[PDB]
Every structure is written in structure tokens, then in C-alpha cells.
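Data first, discussion second: the structure below is written as C-alpha cells.
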Amino acid sequence: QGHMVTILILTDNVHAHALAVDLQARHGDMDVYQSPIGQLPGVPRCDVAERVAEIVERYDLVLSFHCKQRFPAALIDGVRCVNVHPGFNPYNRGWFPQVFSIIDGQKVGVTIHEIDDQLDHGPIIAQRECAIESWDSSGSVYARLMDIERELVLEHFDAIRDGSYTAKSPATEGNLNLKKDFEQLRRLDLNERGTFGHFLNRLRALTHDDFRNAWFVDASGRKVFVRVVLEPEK
Amino acid sequence: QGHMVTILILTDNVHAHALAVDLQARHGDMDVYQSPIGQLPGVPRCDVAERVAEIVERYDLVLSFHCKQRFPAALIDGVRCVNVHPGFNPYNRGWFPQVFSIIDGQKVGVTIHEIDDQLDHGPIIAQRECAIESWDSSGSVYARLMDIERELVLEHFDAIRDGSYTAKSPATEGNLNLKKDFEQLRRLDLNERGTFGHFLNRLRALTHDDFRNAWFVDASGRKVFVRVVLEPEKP
Ligand SMILES: Cc1cn([C@H]2C[C@H](O)[C@@H](COP(=O)(O)OP(=O)(O)O[C@H]3O[C@H](C)[C@@H](N)[C@H](O)[C@H]3O)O2)c(=O)[nH]c1=O
Ligand SMILES: Nc1nc(=O)c2c([nH]1)NC[C@@H](CNc1ccc(C(=O)N[C@@H](CCC(=O)O)C(=O)O)cc1)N2C=O
Ligand SMILES: Cc1cn([C@H]2C[C@H](O)[C@@H](COP(=O)(O)OP(=O)(O)O)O2)c(=O)[nH]c1=O
Ligand SMILES: O=S(=O)(O)CCCN1CCN(CCO)CC1
Ligand SMILES: O=S(=O)(O)CCCN1CCN(CCO)CC1
Ligand SMILES: [Cl-]
Ligand SMILES: [Cl-]
Ligand SMILES: [Cl-]
Ligand SMILES: [K+]
Ligand SMILES: [Li+]
Ligand code: NA
Ligand code: NA
Ligand code: NA
Ligand code: NA
């Protein structure tokens, strides 16, 4: 690779974009793009499936953040690809890890890994845990994860740039959540039974700033959105 | 007796006190005090238990506009006393009625009644139901209760003043909740089992603006306060 690694950053996430802009300031020989479905205003857009040859020619590393789908096989063939996933691989791989970890008690955190042909699966370069508190919501754990992502990436950047790491596969496969798994959690069945703790975990997992995630339908057919506000005694 | 009725209002609640002040424009011979329990800024105090004899001598009618001090027998027995109560008697008498009605499905509303030795008991002069929607909390219901209280009082004030009504006791005793019943409800047991509906009713019942009412203790012993935000979908 040597001393001049040309880097393509791909992300649709607002925090990771901001981090990428800081990396570009440090690195220089870097372009930062979003996908055809990103919502970052003014950020150049790249359809990776259609631009493979061009990417393989121009860049020495592709560094994605919070990637949701597989890369083209040819891209993997042609160029080193690394992803930054805001989960603790291999637990709750896939969509919105802290939502699922609030519910199931698995670790959450940030994982830098090589990209293979399974989602959030390839060999791990670096990772960092984020402890979840009994008062946390999705929103509050996520803000900490974004801080962790920044710290972790900045710590390991030169090694990622230089390829001077040796990544290691996780010992187990873990589990994967899909977009549809999140959507399925949103509907609250008023007749569902459980413990109060189970229900509070559900609510706090679906609480993320003012997103209208959780809803129920009342006996008259009216939909009602729900979120919780949790505050530890101090 | 119209203007010849000399009225005392005892009130410990900001909304009820504002209503009392408004009534003072409609009726000259009316005094407004808070009890020793009140924390209303600038409002003069009257200790009802110490001042019973003078109250009975000087007034023709005593109104409790959410007075927190219990009226002793000598007061209630010696002058007509009327309560304006933010519950629908005889259901969930006593403390914070809408909290308990959100959970149990009993009616809530406002009741104006003559006072006797029991709490929120006695002949009903007027009352009005407040509906509770699936998205309501204690705070949202209570705000409507204060609007209902103002409506009902303004409607019935002349009859109340003059004692011209024919009041009727409720046919059943209903049920009574005290401050301790609310303190106990506050604490959420994480191992309690129930329906999601039942749980949401508990949380919204304990949700009232930014009051830190509901709490649980986590596995490590840390207390955590909880409230819910419910928003119905707009058409
Ligand atoms: C102090 C306190 C209040 N609240 C809410 C629920 C309450 O219904 C509402 C108003 O509270 P408050 O203390 O102004 O209570 P009031 O509305 O003045 O009524 C209380 O006193 C009257 C003398 C009695 N007739 C009532 O039955 C009793 O509920 O605020 C809370 O949710 N938590 C609280 O700690
Ligand atoms: N005779 C009488 N009947 C009433 O219905 C009545 C009065 N007086 N006076 C004004 C007001 C008093 N209302 C109440 C309502 C609830 C409690 C109550 O829960 N008491 C608790 C102790 C409360 C504390 O520790 O702060 C108890 O355990 O008795 C007390 C007074 N009131 C109607 O509105
Ligand atoms: C899109 C979306 C996100 N979120 C929360 C959970 C996500 O972890 C967080 C960040 O969302 P987003 O930036 O879409 O996801 P990512 O971290 O995968 O780039 O926002 C919701 O709660 N509801 C939603 O509908
Ligand atoms: O209520 S909706 O889910 O339909 C719209 C969500 C709007 N907000 C999402 C969260 N951002 C803040 C970042 O989480 C503000 C806009
Ligand atoms: O958090 S505490 O419950 O100790 C105190 C909260 C005080 N707030 C009560 C609600 N009012 C608004 C009126 O309902 C504002 C202050
Ligand atoms: Cl949040
Ligand atoms: Cl169960
Ligand atoms: Cl409220
Ligand atoms: K290949
Ligand atoms: Li009362
Ligand atoms: Na290349
Ligand atoms: Na008189
Ligand atoms: Na005086
Ligand atoms: Na008298």
C-alpha cells in the first residue's frame, strides 16, 4: 500500500459524515460520499454497484460507516473494504443494535471490521463496548455510541489507513437483525402479557429523541404513539 | 339571601384560588384564605381547626376550593360547608382521583357537595363527568377537570350561595383513596406481570407534567423515575 492511500468514505449517517469530514481534513487524499438513498444535504452521491470499476481504479481503501447492505463482489475483489458498525459484533449485527441490546441484554458498542459477504460479519480490527444503564433509551445509548465511534476511529485511523492490523474473526456467529425486525417491534399489542421490566425495556428501546417509533391502537381504532422519559435519582 | 350571604372560601390550589378570586367579583361579601398547608404566594392563611368558633359565628357558608385542611365536626356541624372536589363521587374519593380512575376505569369528573364527617361524602349539589381518552395522562385529564370545575361553579354559584338546591347523597358508598395509596402506587415492581395495556395505564396515570411520580429500583439499587409521552395520530 505504501504511504499514499487514497480513501473513499461512504456513509448515510449524519454523525459519521461529520467524523468523515474531520478525517478528510487530516488525510487529504479522501473523498466522502453518501448512497442514492442517503439524506445528507449537499453530500455527493455514489451508487456503488454502478461505479465499481471507477472506485477500484481511484481508491486504495473503501471505509464505510453503518453500512446496511453487501458490497458488490467485484469491489471486494478489487479493493480493501472496511466498515464501522455501531454494534458489538457479533451480537445484534444489523439494524440499530442498541435497540435490540436494550431488550435482550447483549453487549453493544462499536466495531471496526473488514467487509465480507455477510452483514456486519467480517474479521474484527478494533471494537469497544458501551455499557447500557437501566435508565437508558435508544437515543441516550446512541449518543454515547457516536462519541465512542469518534474516539475509536480516531485512535485506529493510521492503522486502518496503513493496513497495519491483523483482523480476527469472531469466535461465534452471533445474530443479525433486519429492518423488518425493528418495524415488528414498533407495534405494541395491548393484550400482550409480560413483566413490567420487559415492557419498560421495550418502551425505552423504542425511545429515540422525538421519533414516533412505538404505537398502539386503542379499542376505538385510534393509533397512539408512545415514548418514555427515564431519569435516575441524583 | 343573595348579597346578605357572607362566604368564606378556603383554598390551597392555584387554579381553585383563581376561581375563588373571580367569584369575589360576582359577590362582595366573600373572603378567600388558604390553609396552613397551602403554599400559595401572597394569600392570607386561616387555621380552620383553631378558628372554628369565629368561622361559625361570622360566616353563613364555607366553601372548600381544594382546601387540604380537614374541617372538624364543630365547623361542619355549625355552618353549611360545601366542597368542590375534582373527582366524580362516590368513585375514587380522596386523593388524586383521575390517577386512580385511569387505572380502574371508574368515572372521574367534578363534584360539588355538602361536607360531612367523611371525605368527599355527602349530599351532591352538582357534578359532571370528564371523559378519559386512551392517550390521556393524569396531567391532561386534570387540566380538563380544572376547566370543568370553573364551568360547574359558575353555573351553580347562585344556588350554592342561596342554599336553594335539593342535594342528594349518592346511593352507594363508593371507595376512598388516601395519600398513602398514591405513594404506594408510585413504586413500580419490575417483576409485576400484566398486559401491556395495564402497564401503559399505570404509567400514564402517574404521568403529570414533570412530576417525578413513578419510580423503580434497578438490580443495582438505583432509583429511576419514569413518565410516558402519548400522542394520538392526527387525522
Ligand atoms: C403534589 C402532586 C400532585 N400531582 C398531580 C396529581 C394531582 O391530582 C394534581 C393536583 O395536585 P394538588 O396537590 O393540587 O391536589 P388538588 O387537586 O388540590 O386535590 C387534592 O386536594 C383536595 C383538597 C382534595 N379534595 C382532592 O381530592 C385531592 O386530590 O397534581 C402529582 O402527580 N404528584 C404530586 O406529587
Ligand atoms: N370533613 C371534611 N371532609 C372533606 O371531604 C374535606 C374536608 N373536611 N376539608 C377539606 C378537604 C380535605 N380533604 C382531604 C383529602 C384527603 C386527605 C388525606 O389523604 N389524608 C391522609 C394524610 C395526608 C398527608 O399525610 O398529607 C390520611 O391518611 O388521612 C386529607 C384531607 N375535604 C374535601 O375535599
Ligand atoms: C430511521 C430511524 C432511526 N432511529 C434511531 C435508531 C438508530 O440507531 C438511530 C440512527 O438512525 P440512522 O442514522 O437511520 O441509523 P444508523 O445508526 O444505522 O446510521 O436513529 C429510530 O429510532 N427510528 C427510525 O425510524
Ligand atoms: O415523529 S417521526 O418519526 O415521524 C419524525 C421524526 C423526526 N425527528 C427524528 C429525530 N431527529 C433528531 C435525531 O434523532 C429529529 C427529527
Ligand atoms: O420532580 S418533582 O416531582 O420533585 C417536582 C416537580 C415540580 N413540577 C411539578 C409540576 N408543575 C407544573 C404543574 O402541574 C411544575 C413543577
Ligand atoms: Cl431518547
Ligand atoms: Cl407473563
Ligand atoms: Cl401530563
Ligand atoms: K470474491
Ligand atoms: Li376532595
Ligand atoms: Na485501487
Ligand atoms: Na350575612
Ligand atoms: Na384575617
Ligand atoms: Na354562621
Side-chain angles (χ1 to χ4, degrees), chain A residues 101-107 131-141 183-234, chain B residues 101-106 131-141 183-233 235:
Chain A
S101 285
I102 284 166
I103 285 165
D104 77 5
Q106 298 198 89
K107 291 183 173 174
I132 295 171
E133 307 289 1
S134 58
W135 60 87
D136 270 320
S137 56
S138 169
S140 65
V141 174
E183 293 297 315
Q184 275 156 219
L185 285 173
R186 293 172 71 183
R187 185 193 147 259
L188 307 179
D189 172 1
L190 303 181
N191 295 314
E192 176 167 340
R193 293 188 65 86
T195 62
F196 277 18
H198 179 81
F199 288 142
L200 287 166
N201 282 352
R202 175 68 159 277
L203 293 182
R204 75 202 178 93
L206 293 168
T207 297
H208 193 114
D209 300 329
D210 68 341
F211 278 111
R212 283 172 187 109
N213 296 321
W215 55 271
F216 59 96
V217 183
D218 76 13
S220 85
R222 181 77 177 272
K223 181 178 278 195
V224 177
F225 296 105
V226 184
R227 69 190 158 73
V228 290
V229 173
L230 298 168
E231 186 195 336
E233 187 175 50
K234 270 140 57 151
Chain B
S101 284
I102 286 164
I103 290 161
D104 75 6
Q106 292 196 97
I132 299 178
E133 306 302 337
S134 65
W135 57 92
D136 269 320
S137 55
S138 169
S140 64
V141 172
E183 296 302 306
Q184 185 168 314
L185 196 60
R186 282 178 75 190
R187 182 188 76 88
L188 308 179
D189 183 345
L190 297 182
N191 307 304
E192 179 171 344
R193 287 184 194 265
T195 63
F196 222 145
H198 170 88
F199 185 64
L200 281 161
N201 286 348
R202 182 69 159 286
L203 294 184
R204 74 197 180 100
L206 298 167
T207 295
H208 195 115
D209 296 320
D210 64 3
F211 281 112
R212 287 171 185 131
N213 293 319
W215 57 278
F216 61 93
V217 176
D218 73 20
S220 77
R222 184 69 170 282
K223 186 173 296 181
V224 179
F225 295 106
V226 189
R227 66 183 163 80
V228 69
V229 181
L230 302 173
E231 176 203 347
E233 190 174 44

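In what follows, chains are A, B, ... by sequence order, proteins preceding strands, each numbered from 1.
Rounded to the nearest 0.5 angstrom, B:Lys223 NZ and A:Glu231 CD are separated by 12.5 Å.
Per-residue counts of heavy-atom pairs under 4.5 Å with chain A were compared for B:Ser134, B:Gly197, B:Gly194; the largest is that of B:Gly194. For the set A:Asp189, A:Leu188, A:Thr207, the entry with the most heavy-atom pairs within less than 4.5 Å of chain B is A:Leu188. Ranked by heavy-atom pairs under 4.5 Å with chain A, the list B:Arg193, B:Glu133, B:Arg204, B:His198 is led by B:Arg193. Highest contact tally toward chain B, considering only A:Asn191, A:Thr195, A:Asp218, A:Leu230, is held by A:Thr195 [criterion: heavy-atom pairs under 4.5 Å].
The shortest distance between side-chain heavy atoms of A:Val226 and B:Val228 falls below 4.5 Å. Contact annotation: the side chain of B:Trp135 approaches that of A:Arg222 to within less than 4.5 Å [non-hydrogen atoms, C-beta and beyond]. Two residues are said to be in side-chain contact when any heavy atoms from C-beta on lie closer than 4.5 Å; B:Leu203 and A:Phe196 fail this criterion.
For chain A, the nearby part of B:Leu200 is the side chain; its heavy atoms alone come within less than 4.5 Å. Proximity to chain A (any heavy atom under 4.5 Å) is restricted, for B:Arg202, to the side chain, taken from C-beta onward.
Open room surrounds CD on B:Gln184; 12 or fewer heavy atoms of other groups in view lie less than 6.0 Å from it.
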